[PDB]
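Below you will find one chain, with nothing else, as structure tokens; this is the form deposited in one PDB entry, and questions on how it binds or moves follow later.
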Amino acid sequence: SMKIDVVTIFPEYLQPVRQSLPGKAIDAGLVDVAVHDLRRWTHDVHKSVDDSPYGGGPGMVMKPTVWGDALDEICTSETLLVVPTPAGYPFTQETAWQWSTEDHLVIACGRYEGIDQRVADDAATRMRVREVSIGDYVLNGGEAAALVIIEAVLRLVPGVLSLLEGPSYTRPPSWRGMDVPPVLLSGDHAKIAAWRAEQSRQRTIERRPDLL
């Protein structure tokens, strides 16, 4: 049973998540994903969420006072506060597994140059905070990271949603002049397993030598 709150200035971007949630899991009370517009917590008529960076430089920084109020309302001491950032610790499958048993994730999605660092630093004095990155590329903000994190985590919650895997095949046995490897149709399941292991080994060497 997990609650996920996502805070973002683009709530419509989190649409694919609510599109991916089965009725059975929601109705059984296994999962609830709520998305919140950060501007609900702005102080001014212009609904300002950003301001110039101290020390200069390009772009804008998200205001701590707005985020502070949002997190004050949404988080409790039991919350796991997840902050996507390109400077984060790596989000991996081990992370997803660890987080899959949490009662409450709050995902704070930044835009512009990111969120004033005091927001996470203050939050970390009263709850668990995790700054993470989903990979070594640059996005426009945290929303796409949130989509990935939510999917990777929730698919590990029963009933909610190393070597590389080698090639897979299904019908038809011959297609555009390419036959399924005969070993797969041999009924020699020890040989099939060894063939698959070697395919996995080869693929890992070629594509992900960093894993060996």
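We call the rigid core whatever largest set of C-alpha positions still superposes within 1.5 Å between the two forms. Residues carry their position along the shown sequence, with the first being 1.
This protein has a second form, the form deposited in another entry, left out of what is shown; the following refers to that one.
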Hey, after the core superposition between the shown form and the other one, which of 34, 26, 178, 185 has the C-alpha moving 2 angstroms or more? 26
Would you mind telling me if residue 27 and residue 144 are closer or farther apart in that other deposited form than in the shown form, C-alpha to C-alpha, with a 3 Å or larger change? closer
Would you mind telling me if residue 20 and residue 36 are closer or farther apart in that other deposited form than in the shown form, C-alpha to C-alpha, with a 3 Å or larger change? farther
